[PDB]
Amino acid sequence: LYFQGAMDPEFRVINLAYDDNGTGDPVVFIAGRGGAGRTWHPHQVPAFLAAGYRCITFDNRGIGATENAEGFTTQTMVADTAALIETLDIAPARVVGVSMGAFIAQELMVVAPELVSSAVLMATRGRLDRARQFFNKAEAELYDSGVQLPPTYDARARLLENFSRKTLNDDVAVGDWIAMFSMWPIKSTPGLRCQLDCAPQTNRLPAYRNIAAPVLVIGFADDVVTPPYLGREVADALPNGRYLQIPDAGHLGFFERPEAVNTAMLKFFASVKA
């Protein structure tokens, strides 16, 4: 059903949809920017259920019912995630985050290590290098100037930024991904714009040196949005962090290479106590 998220600087309460399937070890998935809880269902949830896990997915602040939410920060979203885990009384929970959701996971582990037993961080970073800082500032500038991209150009960008070269060279896969875009419309909302800022303002890597819990950081070879090498940095900082690269995976490697990413998550999760 719904849980109550953190109160926002303007003293308003927020409810956030979540979905809870199966029984067993609890796993909380946090999606990236623009991802609803549904993002984990086509590829992750059925594998995690078959492996005996209980899967919690949910709709981040600024998505769906709260797509008009604004004036929020990383801390606000971390607090949200803490509320889910506490409300559901599942602490310590295994956590799976990707990109913005992986940042949240990280920053949650900094302030509330006891909410989290082990984590997989996909397509992540602890800081923005000069390219990613420029990209981030360019997306903000796009939204803020009101101009809407035409739909084919918008699908071109989505294709080029999120998929491996190997996918782009395969006319059949390309066709399918373009169709697949119609089914995942990404509305340009105040919530989407606000999630853009839920990203490293500073180098957060020192803080990660104190995270004790076991962590698998997954990097995607072909990712230009959150390049593998920033993933690696995060893993090095994590005392009990390990790193694994998926070959021929774009930024959306968890959809694109779901069998390889699931195998590696499950493997890692079975090697650590609940």
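Start at 1 with the first residue shown and count on from there.
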- Task: Taking the mean of the C-alpha B-factors per stretch from the entry, tell me the winner out of 195-203 and 139-147.
- Result: 139-147
- For 83-91 versus 158-166, entry-based mean Cα B-factors point to 158-166
- Would you mind finding, among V78, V116, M180, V98, the residue with the largest C-alpha temperature factor in the entry? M180
- Note on the structure: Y243: CA B-factor among chain residues, third -> highest
- Please place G64 in the lowest, middle or highest third of its chain by C-alpha B factor as given in the entry. middle
- Among the chain's modelled residues, which third holds the C-alpha B-factor of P228? middle
- Grab the CA temperature factor for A112 from the record and place it in the lowest, middle or highest third of its chain. middle
- Message: For the chain shown, is the CA B-factor of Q106 in the lowest, middle or highest third of its modelled residues?
- Response: lowest
